[PDB]
Amino acid sequence: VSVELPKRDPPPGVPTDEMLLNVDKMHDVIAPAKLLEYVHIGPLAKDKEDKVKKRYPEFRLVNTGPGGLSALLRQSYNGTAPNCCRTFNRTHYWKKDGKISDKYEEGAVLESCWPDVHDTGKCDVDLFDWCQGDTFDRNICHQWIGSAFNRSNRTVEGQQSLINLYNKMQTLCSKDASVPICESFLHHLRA
Amino acid sequence: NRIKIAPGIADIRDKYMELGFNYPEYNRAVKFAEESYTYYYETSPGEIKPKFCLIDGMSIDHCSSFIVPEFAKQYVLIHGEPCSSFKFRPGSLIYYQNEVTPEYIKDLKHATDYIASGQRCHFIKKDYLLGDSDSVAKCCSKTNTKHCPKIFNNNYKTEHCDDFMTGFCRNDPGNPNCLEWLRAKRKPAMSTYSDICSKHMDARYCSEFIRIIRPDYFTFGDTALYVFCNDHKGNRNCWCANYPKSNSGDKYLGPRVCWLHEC
C-alpha cells in the first residue's frame with residue numbers, strides 16, 4: 001500500500017471510580033459484604049490477585065471486566081464458634097501469626113461469621129459449655145439466654161437447637177439451680 | 001492505495017471506508033463506526049454500549065473517554081462482544097455486514113498488520129462504588145451521602161454499617177444516626193449500647209435505649225444496669241435495683257418493687 005494510512009489518534013481516556021479502586025484500601029468494604037454480593041476491586045495483577053485470594057479465603061475472584069477488573073464474591077462464612085460466639089459486637093476478625101485481632105495489619109486473613117449467629121443456633125453448644133464454671137461472663141451469658149428466649153426461629157436447625165438448649169438447661173438446673181447460669185435461666189423463665 | 005473516508009446517510013459517527021485498488025473488485029467499502037459523543041444516558045435499558053471497540057492489549061481507560069464522569073460514577077465495565085478495529089484507527093468498530101466476516105478479518109490481518117481484534121465496550125449499571133474506609137465512614141455516618149451505594153446508605157436496614165457504627169457510636173452515643181441505627185434492633189447495636197450504658201446509664205440516650213429494647217430485648221439493658229449499679233452503688237437512682245443495705249441488695253427485686261412506693 002503506497003498511500004500512507006490516515007491514523008486517527010485515540011481520544012484521551014478518563015478513568016472511572018471503578019478503575020481507580022485499590023484492593024489494599026478496601027478492607028472496610030469487602031469485610032461487611034453479604035453472600036452472593038459483588039464487590040468490585042478495580043484492576044488487579046497476578047501477584048495482587050494471589051494476595052487477595054490469600055487475604056480473603058471466603059471470597060472468589062471473578063474477572064468481571066477487561067484489564068484485570070475483578071470483583072470479590074462472598075461464598076461462605078469461616079468464623080469459628082469460640083472466636084465470635086462469645087461476643088455480639090464482633091462480626092469479623094483478622095487472624096494472623098496464630099492470633100486474633102479486630103485491627104487490620106498486612107498479612108492478616110479475614111474470618112467472618114454469620115450475621116446474627118446466635119439467632120441461627122450455632123452458639124448454643126459452645127456457650128452452654130462456656131457459661132458453666134470460672135469461664136462464666138455474666139453479660140454475655142445473660143444476653144445469650146435472653147436472646148435465646150426471644151428468638152425468631154427461621155430454619156429447622158433453629159428449632160432443633162432451641163429445643164436441645166432448653167432440654168440441656170432444664171437437666172442442668174434440675175441437677176443444681178444455685179449456679180449463676182441456672183439463676184439466669186430461672187430469671188428469664190420468670191420474665 | 002486510494003484510501004478515503006466518506007460520511008453516510010446515517011449519523012455522523014458512522015462512516016464508510018473506501019478502498020480503490022488496482023484490482024477492479026477491491027474498490028470496495030467498509031461501514032465503520034467511531035464514537036464522538038460523551039454519553040449522559042443509556043444506549044439500551046440498563047446499560048451503555050459506546051461504539052468504541054477496545055482492542056486487545058490496549059488500556060481500558062480510553063473505553064471510558066466516551067462517558068461523562070458524573071454519569072460514570074456508578075457504572076462498571078464488563079466484557080463485550082468480540083470486534084475488530086483497524087490498527088491505524090484504534091477503536092474504529094467494524095460492522096460484520098455483507099462480505100465483512102470474521103474470517104475475512106483474520107485473512108486481512110494475516111496479509112497485513114492493519115487489523116486487530118478486541119471486545120466491544122460494555123458498561124453495566126449496578127450502584128455506586130466505594131474505595132476506602134473514609135468513604136465508608138462518610139456514608140455510614142450519613143454526614144455526606146452524595147455518592148453512596150444503596151447497601152451502605154439504606155437507613156440501617158442492612159448490617160453493612162454495623163462494624164463501622166459499632167466503634168463510631170461509642171464516641172457520640174447521642175447522635176441521631178446512632179439512635180436510628182440502634183432502632184434497627186440488631187445484636188451489634190444493642191450490645192454496643194449495652195456496653196455504652198453500663199457506664200453512662202444516667203444519660204438521656206440510655207433512657208432512649210431502654211425505651212427501644214424493652215420488652216423484646218430487655219436482657220441487653222438489665223445487664224448494663226447491673227454493671228452501673230455495682231459501680232455507682234452510691235448513686236441514689238440505683239437504690240431500687242441495688243439497695244444500699246449490705247446484706248439486702250435484692251430487697252426490692254421482682255414483685256417486692258411495690259413495697260417501696262418511691263421505686
# chains A, B, ... in the order shown; residues from 1 in each chain; ligands from 1
call {"tool": "residues_around", "arguments": {"residues": "residue 139 of chain A", "least_positions_apart": "2", "cutoff": "8 Å", "atoms": "only C-alpha atoms", "output": "ChimeraX atom specification"}}
result
/A:137,141-143 /B:223-224
call {"tool": "residues_around", "arguments": {"residues": "segment 63-74 of chain B", "least_positions_apart": "6", "cutoff": "7 Å", "atoms": "only C-alpha atoms", "output": "PyMOL selection string"}}
result
(chain A and resi 11-17) or (chain B and resi 37-40+50+52+54+121+125-129)
call {"tool": "atom_distance", "arguments": {"atom1": "atom CA of residue 55 of chain A", "atom2": "atom CA of residue 74 of chain A"}}
result
12.8 Å
call {"tool": "interface_residues", "arguments": {"of": "chain A", "to": "chain B", "cutoff": "6 Å", "atoms": "only C-alpha atoms", "output": "PyMOL selection string"}}
result
chain A and resi 1-3+7-8+13-15+17+21+25-26+28+32+64-65+88-89+139+143+146
call {"tool": "atom_distance", "arguments": {"atom1": "atom CA of residue 112 of chain A", "atom2": "atom CA of residue 209 of chain B"}}
result
27.5 Å
call {"tool": "residues_around", "arguments": {"residues": "segment 96-101 of chain A", "least_positions_apart": "6", "cutoff": "10 Å", "atoms": "only C-alpha atoms", "output": "list in words"}}
result
residues 83, 107, 108, 109, 110 and 111 of chain A
call {"tool": "write_last_selection", "arguments": {"atoms": "N, CA, C and O atoms", "output": "PDB file, in the first residue's frame"}}
result
ATOM      1  N   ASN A  83     -14.345 -18.038  68.597  1.00  0.00           N
ATOM      2  CA  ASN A  83     -13.853 -16.682  68.383  1.00  0.00           C
ATOM      3  C   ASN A  83     -14.969 -15.643  68.407  1.00  0.00           C
ATOM      4  O   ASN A  83     -14.775 -14.545  68.936  1.00  0.00           O
ATOM      5  N   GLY A 107      -0.708  -8.861  55.900  1.00  0.00           N
ATOM      6  CA  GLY A 107      -0.512 -10.282  56.079  1.00  0.00           C
ATOM      7  C   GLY A 107      -1.621 -10.997  56.817  1.00  0.00           C
ATOM      8  O   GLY A 107      -1.554 -12.225  56.958  1.00  0.00           O
ATOM      9  N   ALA A 108      -2.635 -10.278  57.288  1.00  0.00           N
ATOM     10  CA  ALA A 108      -3.724 -10.890  58.030  1.00  0.00           C
ATOM     11  C   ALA A 108      -4.668 -11.633  57.088  1.00  0.00           C
ATOM     12  O   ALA A 108      -4.632 -11.471  55.867  1.00  0.00           O
ATOM     13  N   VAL A 109      -5.521 -12.467  57.678  1.00  0.00           N
ATOM     14  CA  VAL A 109      -6.526 -13.227  56.948  1.00  0.00           C
ATOM     15  C   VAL A 109      -7.885 -12.937  57.565  1.00  0.00           C
ATOM     16  O   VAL A 109      -8.060 -13.070  58.781  1.00  0.00           O
ATOM     17  N   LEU A 110      -8.843 -12.538  56.734  1.00  0.00           N
ATOM     18  CA  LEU A 110     -10.177 -12.228  57.226  1.00  0.00           C
ATOM     19  C   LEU A 110     -10.921 -13.501  57.608  1.00  0.00           C
ATOM     20  O   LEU A 110     -10.817 -14.526  56.930  1.00  0.00           O
ATOM     21  N   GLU A 111     -11.677 -13.431  58.703  1.00  0.00           N
ATOM     22  CA  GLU A 111     -12.540 -14.526  59.134  1.00  0.00           C
ATOM     23  C   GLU A 111     -13.839 -13.908  59.627  1.00  0.00           C
ATOM     24  O   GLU A 111     -13.849 -13.221  60.652  1.00  0.00           O
TER      25      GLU A 111
END
call {"tool": "atom_distance", "arguments": {"atom1": "atom CA of residue 27 of chain A", "atom2": "atom CA of residue 104 of chain A"}}
result
7.9 Å
call {"tool": "residues_around", "arguments": {"residues": "residue 118 of chain A", "least_positions_apart": "2", "cutoff": "9 Å", "atoms": "only C-alpha atoms", "output": "PDB file with C-alpha atoms, in the first residue's frame"}}
result
ATOM      1  CA  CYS A  85     -19.849 -16.697  69.749  1.00  0.00           C
ATOM      2  CA  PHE A  88     -22.156  -9.806  69.984  1.00  0.00           C
ATOM      3  CA  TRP A 114     -22.748 -15.408  60.044  1.00  0.00           C
ATOM      4  CA  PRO A 115     -24.841 -12.312  60.824  1.00  0.00           C
ATOM      5  CA  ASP A 116     -26.887 -12.834  63.997  1.00  0.00           C
ATOM      6  CA  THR A 120     -29.127 -19.386  63.977  1.00  0.00           C
ATOM      7  CA  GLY A 121     -28.339 -21.665  66.926  1.00  0.00           C
ATOM      8  CA  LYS A 122     -24.653 -22.379  66.315  1.00  0.00           C
ATOM      9  CA  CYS A 123     -23.513 -20.629  69.505  1.00  0.00           C
ATOM     10  CA  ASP A 124     -25.728 -22.691  71.830  1.00  0.00           C
ATOM     11  CA  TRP A 144     -27.313 -15.072  75.163  1.00  0.00           C
ATOM     12  CA  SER A 147     -31.920 -13.519  73.185  1.00  0.00           C
ATOM     13  CA  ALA A 148     -32.442 -17.292  73.132  1.00  0.00           C
ATOM     14  CA  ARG A 151     -35.540 -15.942  69.110  1.00  0.00           C
TER      15      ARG A 151
ATOM     16  CA  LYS B 187     -27.422  -7.640  68.152  1.00  0.00           C
TER      17      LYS B 187
END
call {"tool": "closest_residue", "arguments": {"among": "A:44, A:67, A:117, A:33", "to": "residue 55 of chain B", "atoms": "only C-alpha atoms"}}
result
A:67
call {"tool": "closest_residue", "arguments": {"among": "A:119, A:80, A:105, A:43", "to": "residue 155 of chain A", "atoms": "only C-alpha atoms"}}
result
A:119
